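So that you can tell them apart, the chains are marked A, B, C, D, E, F, G, H, I, J, K, L, M and N in the order they are listed, and the count of residues begins at 1 in each.
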Amino acid sequence: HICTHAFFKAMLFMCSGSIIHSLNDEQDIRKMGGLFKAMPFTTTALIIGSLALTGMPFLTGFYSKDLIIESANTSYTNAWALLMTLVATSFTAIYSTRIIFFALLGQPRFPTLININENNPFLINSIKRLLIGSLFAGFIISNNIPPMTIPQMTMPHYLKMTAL
Amino acid sequence: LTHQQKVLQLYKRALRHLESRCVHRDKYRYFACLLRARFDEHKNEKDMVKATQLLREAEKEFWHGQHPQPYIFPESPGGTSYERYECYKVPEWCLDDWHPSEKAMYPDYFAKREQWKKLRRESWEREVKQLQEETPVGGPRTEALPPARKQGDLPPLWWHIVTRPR
Amino acid sequence: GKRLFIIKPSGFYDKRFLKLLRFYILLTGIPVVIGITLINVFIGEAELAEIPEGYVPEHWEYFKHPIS
Amino acid sequence: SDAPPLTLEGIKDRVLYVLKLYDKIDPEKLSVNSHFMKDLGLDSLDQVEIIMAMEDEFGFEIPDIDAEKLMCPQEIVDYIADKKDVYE
Amino acid sequence: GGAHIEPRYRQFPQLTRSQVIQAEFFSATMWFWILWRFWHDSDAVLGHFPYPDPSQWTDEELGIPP
Amino acid sequence: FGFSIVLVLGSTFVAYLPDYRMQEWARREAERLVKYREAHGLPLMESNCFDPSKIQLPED
Amino acid sequence: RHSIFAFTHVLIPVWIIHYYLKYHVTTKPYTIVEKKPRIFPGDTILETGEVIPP
Amino acid sequence: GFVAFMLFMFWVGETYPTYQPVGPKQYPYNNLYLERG
Amino acid sequence: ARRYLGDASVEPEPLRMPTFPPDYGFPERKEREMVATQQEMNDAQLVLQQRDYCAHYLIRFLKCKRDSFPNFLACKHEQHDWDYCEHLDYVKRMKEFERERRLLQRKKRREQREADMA
Amino acid sequence: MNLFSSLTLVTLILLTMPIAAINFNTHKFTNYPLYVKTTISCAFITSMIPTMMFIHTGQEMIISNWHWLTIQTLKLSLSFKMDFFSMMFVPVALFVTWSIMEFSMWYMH
Amino acid sequence: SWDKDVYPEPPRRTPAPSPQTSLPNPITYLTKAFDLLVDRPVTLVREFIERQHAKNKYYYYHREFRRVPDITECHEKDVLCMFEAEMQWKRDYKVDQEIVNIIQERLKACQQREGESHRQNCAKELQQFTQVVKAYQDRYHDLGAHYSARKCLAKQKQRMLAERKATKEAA
Amino acid sequence: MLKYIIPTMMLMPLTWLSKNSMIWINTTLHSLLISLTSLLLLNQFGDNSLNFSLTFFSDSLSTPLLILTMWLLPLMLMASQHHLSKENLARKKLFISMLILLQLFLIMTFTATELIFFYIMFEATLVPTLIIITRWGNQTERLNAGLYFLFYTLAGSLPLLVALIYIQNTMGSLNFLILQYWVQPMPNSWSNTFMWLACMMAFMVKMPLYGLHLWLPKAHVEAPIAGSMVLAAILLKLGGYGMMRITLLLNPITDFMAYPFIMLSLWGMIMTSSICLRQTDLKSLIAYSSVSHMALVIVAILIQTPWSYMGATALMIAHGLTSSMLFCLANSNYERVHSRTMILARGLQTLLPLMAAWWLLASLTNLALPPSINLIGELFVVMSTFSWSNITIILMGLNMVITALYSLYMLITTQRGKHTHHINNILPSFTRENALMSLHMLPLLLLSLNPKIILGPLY
Amino acid sequence: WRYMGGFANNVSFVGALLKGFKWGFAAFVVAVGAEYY
Amino acid sequence: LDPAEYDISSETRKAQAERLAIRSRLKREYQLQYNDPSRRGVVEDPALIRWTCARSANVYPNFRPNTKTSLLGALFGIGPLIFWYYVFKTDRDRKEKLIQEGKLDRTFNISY
């Protein structure tokens, strides 16, 4: 989960800079604007990275976080940590909902005179390689992990169906 | 300090906190309009004490309307800039000494710069005369800098020609 | 504008001192490095064996390296 | 980069532009010299509004003390002109 | 320098065709992948968690207390 | 004299000077002695820095 | 050729360092100590007797 | 919240499947006898 | 955990496991299933608590990784094989949960009340 | 097996740059930041080989190089510990920093 | 070419490569190519340096130190004998230091070799470790900054007496 | 050793007879040429401390400290110029003469076998320093802080002579070699009380323990930069040094007698480390820093574990170069604007962009950065003191955090945050400044490779 | 102005998670065509 | 902190505070405001010299009359300090005990 997290949040910052510097720089979630305004690729990075860091539906980091809450969801945990896991990951998802419902949602409201530019091989190549890797990196890390223990893998109802 | 800037300040930063409140800017609009009426009924009375009273009431009622992270445009003191570039500001008295080689690196700058050195070396006597003349005893009352009547420079100029922001 | 005139503290004294410092540290660096290389190459370091019978070993040569 | 500077033509077109978007007074008389109050008699509270939304046009600075006394449009252009970096 | 970035005031920021080409392409990548292996995966992966019906195993019944 | 001779020259001197504090010799001697101690079966490192075979003890 | 010159920029470290280890490892008793390679009963002698479940 | 936890510290959640019917029920140590037949 | 063995074997720890069987030992009805040689079990080094029965499968999976290296997928089948065997095993400890819970209810209740009759 | 000696190469592949950032004092003006970036990638592939070697045969070899002083009963040298924690991590670090450095070439221009 | 039985190298026990599936050869292209690129181009150089060394040999000797009466035969004062005794005591001391280093390194290399087996095959070497380090622990351990012989001999007096009372209570 | 005693004594008339304008050249030159042979001094080997002559010898510790001294003269003298660079020739030759003679008595002191020769040469070391800082110290009111400073020394520093001579006629020889092997245990009682306390407090006045630390700050703000690098790079290490040796005897006594002083140094380490955080006037910060590290040293001396010495001596040397240099930074900043007050000017990342690297580098070397010798010594000392008391690490590591905070606070607000722009004087750098800084750090960073030179006799 | 333009059509959320579904699970639809033919 | 009460400023406080305050201020603003050419060195302002000299503790050497002072200082270095004396001596002696008797379970300790 450290490796995967590195990919995902590195993506998220390295896009957020595209937002900021592209905007001049306000870097406040107020103002901001909608998703697609000459910003296709950065916003794509933001629902790859956002949708990613949500805990993933089935995507890469899922190979970390979901397994984590499965095993931690079970056995001898003092059990104050289970609810902790649940509402924790949930409020992570709601962070994502925040940054979409503000930065990506409403029609543009912010200091006028659009200066925005996405055109430059440096960014597109950067975020490019990081996302191409990200979705395919967590999958290599997935089943190349020489087995170090017994996975739960027998997961009861209501202790299984609560991750997603 | 006068009623003018008191009221007007409360109005202005009230609009600021209100900006920070809402979103999509339209709700901000007609709310700000209800406020526009809230101060619009005001101001038509020259009664003295009643006014400052009601104002103070708007000082508490305003102080309720402060959420802790009011929006701050970047350039003023705030979490965005307030001299991000400050390590880049080098005062013009530096470069007064570079090596004469590098002083020859850019041969024509110091030409005009020398026209400034003479501009304000020829000066400052005209300046000191005009100032020592105008100032009332001690110069207590004025923080301002009144101009020069004769053709020429405005006397306390030197620092006011500044290294610019980036 | 087209090209603004930048203001830097100065370039001459820093760069100068560095050029000098490198010049000298290298000036006796190179002969010494070359030396360690040579006596590392042509002359062998050393080899052990052991104290011969009824033999007086000298002061030095209890030590491996020749520069020792 | 953040390439484009605000030049005199530009800022003129801007203060001029938004003041032409102000509805309650008409584009009829708008000029850098055209008086920002005495001509239009606008509320001083309303000039506080003008400087408000114009600051939100250019997004910076404009302290309250200096914002108080601004008035005429050419002057506003001037304040933005020395505060920003403008002249050739 | 100028890339034909076209700094614009008040209209929709101009956009490079190839860019939305890229972004859309990677949308297709994300969901193509995700429902792809969602057809290659399972969210209940093995035999189901057990049930008390064998908790009878009534043969086990106590010997001495009939 | 400051940068050239003492820094570079001296730094090569004390870089490798003869074995300092003898600890290299300590390694060699340790190797030989340990090998002997196993090969002849004696337990190595017997404690007792001096043989109780020769010593005397005060008495109450 | 330029990229092969940068490939030299990486390759000279391979020469030196690898040389440093070619004489180095032998010169000193303990270093480069590696986990004993994983051995399987597939190699040597295998004992299973397995089949099933389906 | 913390001291509430340390009240949860001596108490526990358990493994499987579910919890707190409790009479003097088992807990992991596997306890009495052993027999089948 | 079938026997106490002894510490005179000079072996603390995995040469002394709880016993050579990792978990319980099943005096119960009959024995414990088959075996995996401890020597092989070491010479393919297996983390403790990764080391149980079903290793018949596991060690074959560790084959399948180095079987075809460049293949990432390799065997999903043997993966599912020790997945299945230890599925069934964890389910067995479920059945032990069952056996003991019901023994509690039965002998507790019956013997308490029918002991408290007189 | 000594390709893990190439693993202790890659660290010096990173070591290379600051030496360039000091000694020559001119061609750095030629846009070395590009050069740093290239060094990072070289470290990424040259760092990628050992991961593959491990994930077939394992074989993690720790190296002590030349020892750091001695003192009393404990001779502490230095090491490079191939745990599969290092093996797996370092390509990630070099990779993410590859990204962030190219992006930075865009950010700080 | 260090002395072998001092620093054990167990059997190498290298497994036999089985392809087991037909695919590309991802590392082996580069293990052969590496052994083409980085093996010989260095090997020639090391060998040339070898012959260059070998044309002129050196002989350097490991020093010896004879023995002396040590602390016993010295009188309460008159340092002239003492100096020898106590300084060579210091030598033998440092020797014991390096013994402790040797054992302590054997343990480390032992765990690294075993792998996940940590408690399997290091039992013997860890055992002799506790033996030696308990010896050193008993003898030199607590004395202080200023220590020569008088203090080691002293502590040995202390243990001999404490164990003589311990062995009268053995009755 | 005598081969090191002549060349400086010959370095005196080299100064006195010379043409004007060449004095700095001649002195610097031949003084570095001395430093070479100072580096020759390391033969030290095996067990027996080398003995040059029956009058004076060298063990390890004397050798690192001595090398540091003979290295430190040319850099010192090199630094002192342009503090004046205008005067009659007699002032110059007098000053250089005084630095020389001071070095001579220092070499006497470190090399001295027999403790009375050590003591005579001891106060004979103190006088030249006094003449330096008082005769021209920039003299803020002069404070008379040289003279009754010498009274802070002698006040309780004289009776150690008494105690010595007692040791003399009771045991005969005061030769250190034979004081060793003849040392005999001294029980805990009231006579051994006044004795142990005599010797201890006698040296403890020099490295200031928190009780007496008022000694340093004034004396070190009034010192001309040469007298400063003299003072805090060396003259404390004399006290700690002699302490190292005379603790040979006092064997059981130092436990029951040690404990209060240890307490006072463990608390005063934190206190001093605190007060040095909040002050203005930069020249003091590094002073109280010296007080802190020296308190740590005393802590290391009293607890007698060998680790304690290894870390101790390592801290003597590393703190010598670090503190010395950092002073010389304060001075190089002082010639620019005449203040001594820290907060007055600021910036100097913009301006003097190189002098940054030396500020940063040196401050980090006082920040206890892991490879730096300062962290080697401080680290081993923390190990020893944790061995002594499992509890004391709260205080120790708390000193870690505070020393971090001020050591990195000095790095800022002198060097960063804005240019005060009413300055318009500072002239960019010099080559000499870079020479001084370099000659400080470069060896301090190289020693971080092969430290086994500077670790103590026990190794 | 902040309303009128190519703006003001905008998107409602879950449209962001509907951004590229058409081509994406289009190629998903075809995807199994490899093993089914 | 928390501007409040919105003071009516009265009349004197208006005239006095305003005129006198900004009087002295503008006097000193214009004073250091000269900023001519030909000054090479610092502007030297007598401000902050008072700061430095006073913060050099001018009343430190003279005396400390009792009042509450000796109580604040003595009790300021009293409670924590001497108690730490007692705790390090305590844990000291305990350590010595568990060494000399029973076991501290040091086993291998060595470098110490």
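What we mean here is this: a residue touches a chain if its C-beta (ideal position, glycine included) is under 8 Å from a C-beta of that chain, and two chains touch if they have at least 3 such contacts.
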{"item": "Those chains which touch chain K and also touch chain B", "value": "C, L, N"}
{"item": "Chain closest to the middle [Cα centroid of all protein chains]", "value": "J"}
{"item": "Rounded Å distance, chain L centre to chain N centre (Cα mean)", "value": "28"}
{"item": "Rounded Å distance, chain E centre to chain N centre (Cα mean)", "value": "59"}
{"item": "Distance between chain centroids, defined by C-alpha means - chain H, chain I (Å)", "value": "22"}
{"item": "Length of the line joining the C-alpha centres of chain A and chain G, rounded to whole Å", "value": "37"}
{"item": "Two or more partner chains touched - positions in chain E", "value": "5, 7, 9-10, 12, 24, 26-27, 29-30, 45-47, 49, 60"}
{"item": "Junction residues of chain I - those touching two or more other chains", "value": "45, 47, 62-63, 65-66, 69, 83-84, 87, 91, 94, 101, 107"}
{"item": "Interface hub residues of chain A, defined as touching at least two other chains", "value": "21, 26, 36-37, 44, 51, 106, 109, 112-113, 115, 120, 144, 146, 153-154, 156"}
{"item": "Sites on chain A touched by chain I in the complex", "value": "140, 143-144, 146-151, 153-154"}
{"item": "Chain M - residues contacting chain E, complex", "value": "1, 5-7, 19-21, 23-28, 31-32"}
{"item": "Contact footprint of chain B on chain C as seen in their complex", "value": "5, 7-13"}
{"item": "Complex contacts: residues of chain N adjacent to chain K", "value": "106-110, 112"}
{"item": "Of chain K, residues touching chain J in the complex", "value": "26-27, 30-31, 34, 97, 100-101, 104-105, 112, 136"}
